[PDB]
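See structure below.
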Amino acid sequence: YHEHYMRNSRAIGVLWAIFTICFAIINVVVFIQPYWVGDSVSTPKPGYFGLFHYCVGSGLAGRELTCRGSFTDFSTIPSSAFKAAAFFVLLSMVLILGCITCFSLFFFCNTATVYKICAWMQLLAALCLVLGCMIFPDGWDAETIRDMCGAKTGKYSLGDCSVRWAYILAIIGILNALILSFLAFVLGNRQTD
Amino acid sequence: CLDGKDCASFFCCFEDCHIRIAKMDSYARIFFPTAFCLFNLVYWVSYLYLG
Amino acid sequence: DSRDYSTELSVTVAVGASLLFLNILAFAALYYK
Ligand SMILES: CCCCCCCC/C=C\CCCCCCCC(=O)O[C@H](COC(=O)CCCCCCCCCCCCCCC)COP(=O)(O)OC[C@@H](O)CO
Ligand SMILES: CCCCCCCCCCCC(=O)OC[C@H](COP(=O)([O-])O)OC(=O)CCCCCCCCCCC
Ligand SMILES: CC(C)CCC[C@@H](C)[C@H]1CC[C@H]2[C@@H]3CC=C4C[C@@H](O)CC[C@]4(C)[C@H]3CC[C@]12C
Ligand SMILES: CCCCCCCCCCCCCCCC(=O)O
Ligand SMILES: CCCCCCCCCC
Ligand SMILES: [Cl-]
């Protein structure tokens, strides 16, 4: 029975690391890709915008999507809410990358300590991602976001635009991060047996 | 506290603490190369392909 | 261009549910004494 338990724990740890890498990929993709919100048929102008970046159409029956925004230059971000959300998502990405780095500590440190360290760090990454997703809609009342989506938009008011794949993938990342944190906690408390 | 583990017995350790700082050099042998490699992987993917 | 986002959201929700269900399988292997 002991060898079965050891094999199961080792396999679950390896799969947990694999899913941690997958969640890190998800966090990087949602942080980079600007597809959090998208135009609709009723939208006066075509375009989209992420945490910090935003592309808008000129409006001449052609794409001509002028793209502006960059986290590296906070001036270009439309609103303070967008800046805060981008910062929180970056902090979550830094935390999960930190745990992926701390995977190396399994060589030297006790397995329970490393498991609980990534448990807490993944928990903090999940909370940071929640804070970013909660603060990001506050900037929808920005003048450029209102100009693109329309006058109906506002704080926690989607209006004419639609949520695109990046936002839902971020929500999935929140769920996966909380789950990985709990899994790491139970793995750390279980390896002692 | 079903496992009898409270928010100080299950989640956070609060055990002893550090003590094993003498072998802290051994951690940096693998920690520093990994973080820089991880930094390069997403630094170059972010600028070359994703955006 | 068809300015609709359903197949994109469909595949996104599909892969998300797949990863989530894999993690629930991890719980199933874990909590089972
Ligand atoms: C593109 C993305 C790239 C990201 C990749 C980033 C790379 C990150 C750095 C290193 C990863 C490898 C670390 C391998 C560490 C595993 C080492 C290990 O197995 O340790 C044993 C425990 O096993 C255990 O149950 C621990 C099991 C959990 C291990 C979790 C890490 C697995 C990573 C495997 C990679 C999967 C493939 C992913 C490629 C996409 C016991 O030890 P040991 O008695 O001697 O003393 C420990 C102490 O308690 C007493 O001295
Ligand atoms: C130009 C690039 C050259 C890179 C050459 C790397 C060769 C390193 C081989 C590692 C040899 C080894 O395992 O012994 C060193 C220690 C032994 O354990 P302890 O004394 O730290 O307890 O092992 C450890 O405990 C830590 C080993 C760290 C391995 C990771 C090195 C990463 C090197 C890549 C740099 C780019
Ligand atoms: C120390 C280890 C564990 C974590 C390192 C975190 C690294 C990967 C983080 C910290 C700051 C991050 C950068 C912050 C801002 C930007 C601008 C954006 O337009 C593209 C991504 C990019 C370029 C990020 C890439 C990833 C990055 C370099
Ligand atoms: C060996 C440790 C370092 C790990 C990081 C390796 C990457 C170093 C960066 C080299 C610059 C490569 C430039 C890529 C862009 C290009 O040439 O088109
Ligand atoms: C296919 C897009 C890959 C995005 C980079 C993933 C980074 C993983 C960090 C460990
Ligand atoms: Cl940029």
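Protein chains get the first letters and strands the later ones, always in sequence-line order, with residue 1 at the start of each.
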- request: Against chain C, label A:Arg190 side chain, backbone, both or neither, depending on which of its atoms sit under 4.5 Å from a heavy atom there.
  value: side chain
field: Which portion of A:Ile171 sits near chain C, non-hydrogen atoms under 4.5 angstrom
entry: neither
- prompt: Checking A:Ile179 against chain C: side chain, backbone, both or neither under 4.5 Å from a heavy atom?
  reply: both
message: Quick check on A:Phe185: does its CZ atom have over 12 non-hydrogen neighbours (other residues, nucleotides or ligands) under 6.0 Å away?
response: yes
- prompt: Checking heavy atoms, do the side chain of C:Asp1, its backbone, both or neither come under 4.5 Å from chain A?
  reply: both
- prompt: Just wondering, more than 12 heavy atoms not from A:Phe182 lying within 6.0 Å of its CZ?
  reply: no
- request: May I ask you to name which of A:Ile12, A:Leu187, A:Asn8, A:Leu180 has the most heavy-atom pairs under 4.5 Å with chain C?
  value: A:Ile12
- request: Inspect the surroundings of CZ in C:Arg3 and state if more than 12 heavy atoms from other residues, nucleotides or ligands are less than 6.0 Å away.
  value: yes
query: Atom CD1 of A:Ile18 and atom CG of C:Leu22: how far apart are they, to the nearest 0.5 Å?
result: 11.0 Å
- request: Could you tell me which portion of A:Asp39 (side chain, backbone, both or neither) has an atom closer than 4.5 angstrom to a non-hydrogen atom of chain C?
  value: both
query: Atom OG1 of C:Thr12 and atom CG of A:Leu169: how far apart are they, to the nearest 0.5 Å?
result: 6.5 Å
- prompt: By a 4.5 Å heavy-atom criterion (distance strictly below it), what part of A:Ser40 contacts chain C: side chain, backbone, both, or neither?
  reply: backbone
task: Heavy-atom pairs under 4.5 Å with chain C are the metric here; pick the option from A:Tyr5, A:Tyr35, A:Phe23, A:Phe19 that has the most.
output: A:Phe19
query: At what distance, to the nearest 0.5 angstrom, does CG of A:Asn176 lie from CG of C:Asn23?
result: 4.5 Å
query: Does C:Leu19 reach the side chain of A:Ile172, with side-chain heavy atoms less than 4.5 Å apart?
result: no
message: Is C:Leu30 in contact with chain A via its backbone, its side chain, both, or neither, using a 4.5 Å heavy-atom distance?
response: both
- prompt: Would you find more than 12 non-hydrogen atoms of other residues, nucleotides or ligands less than 6.0 Å from A:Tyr156 atom OH?
  reply: yes
message: Taking NZ in A:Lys155 as the centre, count heavy atoms belonging to other residues, nucleotides or ligands within less than 6.0 Å. Is the count above 12?
response: yes
